[PDB]
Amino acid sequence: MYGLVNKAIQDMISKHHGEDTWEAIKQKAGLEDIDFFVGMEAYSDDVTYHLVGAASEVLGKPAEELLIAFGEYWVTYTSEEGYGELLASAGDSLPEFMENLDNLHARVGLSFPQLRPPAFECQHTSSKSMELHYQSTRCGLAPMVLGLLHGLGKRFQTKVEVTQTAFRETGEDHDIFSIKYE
């Protein structure tokens, strides 16, 4: 994943737990070499998985819990770190934003050549609910999607309830979330 993702994880941890904790995580993750992350540079996906595993051990939180928190954080981090207009352009309500997500990542992918974005498809079931299909080249990031959706709820001052109804882990084709919103 691009350095931007790893910087945001670093930022989230460093802000909540301080630099010493960050340095321990960095060390345990096997990254003491890397002096800083470069936002627009591509890293091995392993860098991100190791950082998360190491943060889990050092902080004593399951990795999935940290992914949820990171998902929520990302919505705020991107708005403040160069992508606030891009976010605004993706809509002014939760359901519209989710319809625009693939288009938003298409736009991101202009600037980030090697992007491997997720694919999201919405099947609306009412004016207050939708099924969200999430497909990815990567494993284990469904909890991050959960936090993202909650971050977007906060963004749009909209109450949202998100329940995953299909899990790749149980052998399903892809993750599916049932979403209800104000």
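All residue numbers are counted from 1 along the displayed sequence.
Comparing 32-40 with 131-139, the higher mean C-alpha B-factor in the PDB entry belongs to 32-40.
For the pair 15-23 and 162-170, the mean Cα B-factor is higher in 15-23. In the PDB entry, a CA B factor belonging to the middle third of its chain's modelled residues is recorded for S89.
In the PDB entry, a CA B factor belonging to the lowest third of its chain's modelled residues is recorded for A69.
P118 sits in the middle third of its chain by CA B factor, as recorded in the PDB entry. The PDB entry assigns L148 a C-alpha temperature factor belonging to the lowest third of its chain's modelled residues. Among the modelled residues of its chain, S79 has a C-alpha B-factor that falls in the middle third, as given in the PDB entry.
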